[PDB]
Structure formats: structure tokens, C-alpha cells
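*Asks:* This is the structure I have questions about; it appears just below.
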Amino acid sequence: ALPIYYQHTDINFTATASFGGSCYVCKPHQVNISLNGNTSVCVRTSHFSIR
Amino acid sequence: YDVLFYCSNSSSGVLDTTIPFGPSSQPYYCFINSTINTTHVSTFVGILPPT
Ligand SMILES: *[C@@H]1O[C@H](CO)[C@@H](O[C@@H]2O[C@H](CO)[C@@H](O[C@@H]3O[C@H](CO[C@H]4O[C@H](CO)[C@@H](O)[C@H](O)[C@@H]4O)[C@@H](O)[C@H](O)[C@@H]3O)[C@H](O)[C@H]2NC(C)=O)[C@H](O)[C@H]1NC(C)=O
Ligand SMILES: *[C@@H]1O[C@H](CO)[C@@H](O[C@@H]2O[C@H](CO)[C@@H](O[C@@H]3O[C@H](CO)[C@@H](O)[C@H](O)[C@@H]3O)[C@H](O)[C@H]2NC(C)=O)[C@H](O)[C@H]1NC(C)=O
Ligand SMILES: *[C@@H]1O[C@H](CO)[C@@H](O[C@@H]2O[C@H](CO)[C@@H](O)[C@H](O)[C@H]2NC(C)=O)[C@H](O)[C@H]1NC(C)=O
Ligand SMILES: *[C@@H]1O[C@H](CO)[C@@H](O[C@@H]2O[C@H](CO)[C@@H](O)[C@H](O)[C@H]2NC(C)=O)[C@H](O)[C@H]1NC(C)=O
Ligand SMILES: *[C@@H]1O[C@H](CO)[C@@H](O)[C@H](O)[C@H]1NC(C)=O
């Protein structure tokens with residue numbers, strides 16, 4: 001690529017879950033969803049990657 | 001209003017006020033300042049090219 005200073009940020013989209021609220025197979029009891037712990041994450045960098 | 005554009009080597013824009021010409025050897029961060037009745041609005045804009 002054409003010349004540019006490298007600058008990178010990490011994001012993970014994470015989920016943590018609980019089951020057995022009244023049953024299994026029916027559904028998850030609860031899932032906690034986050035982007036690096038936030039509800040919103042933006043890239044303000046030249047480079048980025050997401051897990 | 002007056003609008004002020006300037007750059008610094010570190011991201012702590014408050015520590016310097018420069019313009020690089022020609023080739024660098026490090027990233028430079030560039031910011032915009034503008035003030036409304038002491039409301040010193042200040043923001044990062046971007047990183048300069050290598051040259
Ligand atoms: C764009 O707007 C920004 C938004 O606030 C400006 O940031 C401010 O910049 C001034 C200088 O850039 C900071 O100065 C502070 O000064 C105190 C006092 O100590 C200093 O002075 C004594 C006397 O000269 C000397 O002995 C000391 O060594 C110091 O040098 C410091 O204690 C602070 O640590 C600091 O440097 C402002 O706080 C600062 N804003 C922020 C958020 O920090 C920025 O200047 C504007 N950009 C331009 C180019 O005008
Ligand atoms: C993306 O998620 C991971 C998990 O939420 C958070 O980063 C993880 O940070 C550790 C510590 O910096 C990385 O290294 C690990 O260290 C332990 C202890 O020495 C070792 O057992 C593990 O093998 C490993 O080295 C872990 O690699 C890293 N995980 C990943 C997937 O990169 C990472 O902080 C997240 N992103 C953000 C923005 O937080
Ligand atoms: C989702 O997050 C909540 C909030 O972080 C978790 O429930 C908390 O669990 C701790 C430890 O048992 C309690 O002290 C808090 O009071 C609980 N918070 C609330 C609001 O009740 C929940 O367990 C997480 N759920 C999942 C699936 O990870
Ligand atoms: C950013 O540029 C400034 C210009 O002031 C650097 O500060 C000088 O660094 C040399 C080299 O590090 C010292 O010999 C000077 O005495 C320094 N300036 C002052 C006021 O002491 C600063 O190192 C630069 N780089 C970064 C990352 O801040
Ligand atoms: C957003 O994420 C950072 C992640 O390190 C965390 O400290 C912060 O408290 C989260 N934001 C909110 C509003 O909780």
C-alpha cells in the first residue's frame with residue numbers, strides 16, 4: 001500500500017451467557033453483550049481488527 | 001470565529017504547536033482549536049502523511 005503510519009485498535013464483540021432459567025433447549029436465560037465492555041465503540045485509527 | 005490548526009508529535013496536543021514540512025520520522029497528530037467566549041473547543045482531526 002501507499003505510505004502511511006501504522007496505527008491500530010482492537011475490538012471484541014463479546015457475549016456471556018446463562019442457561020437453566022426454567023429450562024434448557026427452550027432458550028438462554030440471559031446473555032450479556034458488549035463491545036470492549038461498552039454499548040458503542042468506534043474506530044478513530046488508521047487500522048483496526050475485530051474478534 | 002477564528003479557527004486554529006496545528007500539530008504535535010505525541011497525542012497530547014496541549015504540549016506543542018508545530019507544522020512539519022517534508023519527511024518525518026515519527027507520526028504527527030493534528031488538531032483544530034476554536035474558541036467561543038472562552039469555550040475552547042478542541043479536537044483531534046488526524047495523522048499526517050510521512051511527507
Ligand atoms: C487548544 O485548546 C486546548 C483546550 O483547553 C488547549 O489546551 C490547554 O493548553 C494550555 C497550553 O497548551 C495548558 O496549559 C496548562 O498550564 C498549566 C500551568 O503550568 C504551566 O505554566 C507555568 C507558567 O508558564 C510553568 O511553570 C509550568 O511548567 C507549565 O508549563 C499546567 O500545569 C497544565 O499542566 C498545562 O500545561 C492547558 O490545560 C490545556 N488544556 C488542556 C485540556 O490540558 C490547547 O492549547 C489549545 N491549543 C493551542 C495550540 O492553542
Ligand atoms: C479482546 O478480548 C481479550 C479478552 O476479552 C482481551 O485481551 C486479552 O489480553 C490478555 C492480556 O493483555 C492477552 O494475553 C493473555 O495473557 C494471559 C496472562 O499472561 C495468558 O494466559 C493468555 O495466554 C494470554 O496471553 C489475551 O491474548 C488478549 N486476548 C486476545 C484475544 O487478544 C483484549 O483486551 C480484547 N480487546 C480489547 C479492546 O480489550
Ligand atoms: C450480566 O450483567 C449483570 C450485570 O453486570 C450480571 O448480574 C449481576 O451479578 C452480580 C454477581 O452475581 C450481582 O452482584 C449483580 O447485582 C447482578 N446484577 C444485576 C443487575 O442483577 C449477570 O449475571 C450478567 N449476566 C450474564 C449472563 O453474564
Ligand atoms: C516532540 O517535539 C518536542 C519539541 O519541544 C520534543 O521536546 C524536545 O526533545 C528533545 C528531543 O526529545 C529535547 O532535547 C528538548 O529539550 C525537548 N523539548 C523540551 C521543551 O524540553 C519532544 O520530545 C517530542 N517528542 C515527543 C514524543 O514529545
Ligand atoms: C466503556 O469501556 C471502558 C472499557 O475499558 C469502560 O471503562 C467504561 O466504563 C465503559 N463505559 C461505560 C459507560 O461504562
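Here's how to read the names in the C-alpha cells: chain A, B, ... by the order shown, residue numbers from 1 in each chain, ligand numbers from 1 in the order shown.
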Which residues are close to residue 32 (chain A), i.e. within 7 Å by only C-alpha atoms, leaving aside same-chain residues fewer than 4 positions away? Reply as a ChimeraX atom specification.

*Replies:* /A:15-17

*Asks:* Okay, now the selection with N, CA and C atoms, as a PDB file, in the first residue's frame?

*Replies:*
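So out_3.pdb came out as:
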```
ATOM      1  N   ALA A  15     -19.889 -12.019  24.164  1.00  0.00           N
ATOM      2  CA  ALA A  15     -21.129 -12.471  24.750  1.00  0.00           C
ATOM      3  C   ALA A  15     -20.858 -13.422  25.903  1.00  0.00           C
ATOM      4  N   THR A  16     -21.576 -13.211  26.999  1.00  0.00           N
ATOM      5  CA  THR A  16     -21.520 -14.093  28.157  1.00  0.00           C
ATOM      6  C   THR A  16     -22.929 -14.581  28.438  1.00  0.00           C
ATOM      7  N   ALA A  17     -23.118 -15.872  28.703  1.00  0.00           N
ATOM      8  CA  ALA A  17     -24.492 -16.352  28.807  1.00  0.00           C
ATOM      9  C   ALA A  17     -24.764 -17.262  29.989  1.00  0.00           C
TER      10      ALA A  17
END
```

*Asks:* Report as a Markdown table: every residue of chain B with an atom at most 8 Å from ligand 4, its closest pair of atoms, and their distance in Å to one decimal, counting only C-alpha atoms and all ligand atoms, with rows sorted by chain and ascending residue number.

*Replies:*
```
| residue | atom | partner | partner_atom_place_in_ligand_line | distance |
| --- | --- | --- | --- | --- |
| B:8 | CA | ligand 4 | 1 (C) | 6.5 |
| B:9 | CA | ligand 4 | 1 (C) | 4.8 |
| B:10 | CA | ligand 4 | 27 (C) | 4.6 |
| B:15 | CA | ligand 4 | 28 (O) | 7.8 |
| B:16 | CA | ligand 4 | 5 (O) | 6.7 |
```

*Asks:* Dump C-alpha atoms for the selected residues as a short mmCIF file (atom, residue, chain, number, x, y, z; two decimals), in the first residue's frame?

*Replies:*
```
data_model
loop_
_atom_site.label_atom_id
_atom_site.label_comp_id
_atom_site.auth_asym_id
_atom_site.auth_seq_id
_atom_site.Cartn_x
_atom_site.Cartn_y
_atom_site.Cartn_z
CA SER B 8 2.27 17.79 17.78
CA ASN B 9 4.38 14.64 17.85
CA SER B 10 2.62 12.98 20.75
CA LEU B 15 2.24 20.28 24.74
CA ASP B 16 3.28 21.80 21.40
#
```

*Asks:* For chain B against chain A, with a cut-off of 12 Å and counting only C-alpha atoms, what is the closest atom pair and its distance in Å to one decimal for every residue that makes the cut, ordered by chain and number, as CSV?

*Replies:*
```
residue,atom,partner,partner_atom,distance
B:23,CA,A:3,CA,11.5
B:24,CA,A:5,CA,10.5
B:25,CA,A:5,CA,9.9
B:26,CA,A:5,CA,8.2
B:27,CA,A:5,CA,6.6
B:28,CA,A:5,CA,9.6
B:29,CA,A:5,CA,11.2
B:44,CA,A:44,CA,9.7
B:45,CA,A:44,CA,9.5
B:46,CA,A:45,CA,8.6
B:47,CA,A:5,CA,8.2
B:48,CA,A:5,CA,8.5
B:49,CA,A:4,CA,6.0
B:50,CA,A:4,CA,6.4
B:51,CA,A:3,CA,9.0
```

*Asks:* Could you save the residues just selected, with C-alpha atoms, as a PDB file, in the first residue's frame?

*Replies:*
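What landed in again_5.pdb:
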```pdb
ATOM      1  CA  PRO B  23       9.638  13.982   5.551  1.00  0.00           C
ATOM      2  CA  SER B  24       9.176  12.938   9.154  1.00  0.00           C
ATOM      3  CA  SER B  25      10.463  10.006  11.195  1.00  0.00           C
ATOM      4  CA  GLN B  26       7.508   9.895  13.547  1.00  0.00           C
ATOM      5  CA  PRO B  27       3.728  10.361  13.455  1.00  0.00           C
ATOM      6  CA  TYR B  28       2.287  13.812  13.956  1.00  0.00           C
ATOM      7  CA  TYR B  29      -1.147  14.421  15.351  1.00  0.00           C
ATOM      8  CA  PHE B  44      -8.228  15.767  17.069  1.00  0.00           C
ATOM      9  CA  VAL B  45      -8.561  15.628  13.326  1.00  0.00           C
ATOM     10  CA  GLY B  46      -5.990  13.193  12.040  1.00  0.00           C
ATOM     11  CA  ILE B  47      -2.472  11.923  11.423  1.00  0.00           C
ATOM     12  CA  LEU B  48      -0.189  13.486   8.846  1.00  0.00           C
ATOM     13  CA  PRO B  49       1.372  11.572   5.957  1.00  0.00           C
ATOM     14  CA  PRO B  50       5.049  10.544   6.223  1.00  0.00           C
ATOM     15  CA  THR B  51       5.883  13.515   3.990  1.00  0.00           C
TER      16      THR B  51
END
```

*Asks:* Could you please extract the residues within 12 Å of ligand 3, counting only C-alpha atoms and all ligand atoms, and hand them back as a compact mmCIF listing (two decimals) with N, CA, C and O atoms, in the first residue's frame?

*Replies:*
```txt
# COMPACT_ATOMS: atom_id res chain seq x y z
N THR A 14 -18.31 -9.33 22.47
CA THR A 14 -18.29 -10.41 23.41
C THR A 14 -19.69 -10.75 23.84
O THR A 14 -20.56 -9.88 23.97
N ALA A 15 -19.89 -12.02 24.16
CA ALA A 15 -21.13 -12.47 24.75
C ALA A 15 -20.86 -13.42 25.90
O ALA A 15 -20.05 -14.35 25.78
N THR A 16 -21.58 -13.21 27.00
CA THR A 16 -21.52 -14.09 28.16
C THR A 16 -22.93 -14.58 28.44
O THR A 16 -23.86 -13.79 28.39
N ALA A 17 -23.12 -15.87 28.70
CA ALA A 17 -24.49 -16.35 28.81
C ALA A 17 -24.76 -17.26 29.99
O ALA A 17 -23.89 -18.00 30.45
N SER A 18 -26.02 -17.23 30.43
CA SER A 18 -26.55 -18.14 31.44
C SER A 18 -27.75 -18.91 30.92
O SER A 18 -28.57 -18.39 30.14
N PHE A 19 -27.87 -20.15 31.38
CA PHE A 19 -28.91 -21.07 30.95
C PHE A 19 -29.59 -21.71 32.15
O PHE A 19 -29.05 -21.65 33.25
N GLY A 20 -30.75 -22.33 31.95
CA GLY A 20 -31.41 -23.05 33.02
C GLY A 20 -32.34 -22.19 33.85
O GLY A 20 -32.70 -22.54 34.97
N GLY A 21 -32.78 -21.07 33.28
CA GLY A 21 -33.68 -20.15 33.98
C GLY A 21 -34.98 -20.82 34.41
O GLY A 21 -35.54 -20.50 35.46
N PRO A 28 -31.70 -19.44 26.14
CA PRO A 28 -30.80 -18.87 27.12
C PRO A 28 -31.62 -18.13 28.14
O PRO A 28 -32.63 -17.52 27.78
N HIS A 29 -31.15 -18.12 29.37
CA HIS A 29 -31.76 -17.33 30.42
C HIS A 29 -31.43 -15.87 30.20
O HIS A 29 -32.30 -15.00 30.23
N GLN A 30 -30.15 -15.62 30.01
CA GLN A 30 -29.66 -14.27 29.82
C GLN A 30 -28.36 -14.22 29.08
O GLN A 30 -27.46 -15.02 29.35
N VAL A 31 -28.23 -13.27 28.15
CA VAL A 31 -26.95 -13.06 27.50
C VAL A 31 -26.53 -11.61 27.62
O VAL A 31 -27.29 -10.70 27.29
N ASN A 32 -25.32 -11.40 28.10
CA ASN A 32 -24.72 -10.08 28.22
C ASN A 32 -23.82 -9.81 27.05
O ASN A 32 -22.86 -10.52 26.82
N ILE A 33 -24.18 -8.80 26.27
CA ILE A 33 -23.46 -8.48 25.05
C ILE A 33 -22.71 -7.16 25.18
O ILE A 33 -23.29 -6.18 25.63
N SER A 34 -21.44 -7.13 24.77
CA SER A 34 -20.69 -5.88 24.86
C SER A 34 -19.60 -5.71 23.80
O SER A 34 -19.03 -6.69 23.31
N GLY A 37 -16.72 -3.96 26.48
CA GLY A 37 -17.40 -3.56 27.71
C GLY A 37 -18.43 -2.43 27.52
O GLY A 37 -19.21 -2.14 28.43
N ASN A 38 -18.45 -1.79 26.35
CA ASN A 38 -19.34 -0.68 26.06
C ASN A 38 -20.55 -1.10 25.25
O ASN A 38 -20.61 -2.20 24.70
```

*Asks:* Go through A:10, A:22, A:27, A:2 one by one, measure the shortest atom-to-atom distance of each to residue 43 (chain A) using only C-alpha atoms, and give the residue with the smallest value.

*Replies:* A:10

*Asks:* Counting only C-alpha atoms and all ligand atoms, which residues in chain B sit no more than 9 Å from ligand 1? For each one, give the nearest pair of atoms and the distance in Å, sorted by chain then residue number, as a tab-separated table.

*Replies:*
```
residue	atom	partner	partner_atom_place_in_ligand_line	distance
B:4	CA	ligand 1	49 (C)	7.2
B:5	CA	ligand 1	49 (C)	7.5
B:6	CA	ligand 1	49 (C)	6.1
B:7	CA	ligand 1	49 (C)	7.9
B:12	CA	ligand 1	43 (O)	8.2
B:13	CA	ligand 1	44 (C)	6.6
B:14	CA	ligand 1	12 (O)	3.8
B:15	CA	ligand 1	12 (O)	5.6
B:16	CA	ligand 1	49 (C)	6.9
B:17	CA	ligand 1	49 (C)	5.3
B:18	CA	ligand 1	49 (C)	8.6
B:31	CA	ligand 1	1 (C)	7.9
B:32	CA	ligand 1	1 (C)	7.2
B:33	CA	ligand 1	1 (C)	4.8
B:34	CA	ligand 1	1 (C)	7.3
B:35	CA	ligand 1	2 (O)	8.0
B:39	CA	ligand 1	4 (C)	8.5
B:40	CA	ligand 1	4 (C)	5.3
B:41	CA	ligand 1	2 (O)	6.1
B:42	CA	ligand 1	2 (O)	4.8
B:43	CA	ligand 1	1 (C)	7.9
```

*Asks:* How would you write, as a ChimeraX atom specification, the set of residues no farther than 9 Å from ligand 2 when counting only C-alpha atoms and all ligand atoms?

*Replies:* /A:9-14,35-37,50-51

*Asks:* Figure out the distance between CA of residue 11 (chain B) and CA of residue 30 (chain B), please, to one decimal in Å.

*Replies:*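 Spanning CA of residue 30 (chain B) to CA of residue 11 (chain B) is a straight-line distance of 8.5 Å.
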
*Asks:* Among chain A, which residues carry a DSSP assignment of strand (DSSP E), reported as a compact mmCIF listing (two decimals) with N, CA and C atoms, in the first residue's frame?

*Replies:*
```txt
# COMPACT_ATOMS: atom_id res chain seq x y z
N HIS A 8 -3.20 1.00 15.17
CA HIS A 8 -4.26 0.00 15.27
C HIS A 8 -5.00 -0.10 16.59
N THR A 9 -6.32 -0.32 16.50
CA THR A 9 -7.14 -0.60 17.67
C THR A 9 -7.85 -1.96 17.62
N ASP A 10 -7.93 -2.60 18.79
CA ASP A 10 -8.68 -3.85 18.97
C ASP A 10 -10.11 -3.64 19.44
N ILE A 11 -11.02 -4.41 18.86
CA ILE A 11 -12.35 -4.53 19.41
C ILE A 11 -12.73 -5.99 19.58
N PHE A 13 -16.33 -8.13 20.17
CA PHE A 13 -17.75 -8.28 20.40
C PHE A 13 -17.89 -9.52 21.25
N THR A 14 -18.31 -9.33 22.47
CA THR A 14 -18.29 -10.41 23.41
C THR A 14 -19.69 -10.75 23.84
N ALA A 15 -19.89 -12.02 24.16
CA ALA A 15 -21.13 -12.47 24.75
C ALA A 15 -20.86 -13.42 25.90
N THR A 16 -21.58 -13.21 27.00
CA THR A 16 -21.52 -14.09 28.16
C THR A 16 -22.93 -14.58 28.44
N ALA A 17 -23.12 -15.87 28.70
CA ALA A 17 -24.49 -16.35 28.81
C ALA A 17 -24.76 -17.26 29.99
N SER A 18 -26.02 -17.23 30.43
CA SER A 18 -26.55 -18.14 31.44
C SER A 18 -27.75 -18.91 30.92
N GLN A 30 -30.15 -15.62 30.01
CA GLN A 30 -29.66 -14.27 29.82
C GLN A 30 -28.36 -14.22 29.08
N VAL A 31 -28.23 -13.27 28.15
CA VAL A 31 -26.95 -13.06 27.50
C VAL A 31 -26.53 -11.61 27.62
N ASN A 32 -25.32 -11.40 28.10
CA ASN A 32 -24.72 -10.08 28.22
C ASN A 32 -23.82 -9.81 27.05
N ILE A 33 -24.18 -8.80 26.27
CA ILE A 33 -23.46 -8.48 25.05
C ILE A 33 -22.71 -7.16 25.18
N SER A 34 -21.44 -7.13 24.77
CA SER A 34 -20.69 -5.88 24.86
C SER A 34 -19.60 -5.71 23.80
N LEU A 35 -19.26 -4.45 23.52
CA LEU A 35 -18.14 -4.08 22.66
C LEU A 35 -17.03 -3.50 23.49
N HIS A 47 -5.98 1.81 11.34
CA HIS A 47 -6.22 0.39 11.21
C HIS A 47 -7.05 -0.18 12.36
N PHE A 48 -7.73 -1.29 12.12
CA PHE A 48 -8.43 -1.94 13.23
C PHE A 48 -8.65 -3.42 12.99
N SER A 49 -9.02 -4.13 14.04
CA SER A 49 -9.47 -5.51 13.87
C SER A 49 -10.48 -5.93 14.93
N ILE A 50 -11.34 -6.91 14.58
CA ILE A 50 -12.43 -7.30 15.47
C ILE A 50 -12.56 -8.81 15.71
```

*Asks:* For the atom pair CA of residue 1 (chain B) and CA of residue 19 (chain B), what is the interatomic distance in Å to one decimal place?

*Replies:*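 One can read the CA of residue 1 (chain B) to CA of residue 19 (chain B) distance as 21.6 Å.
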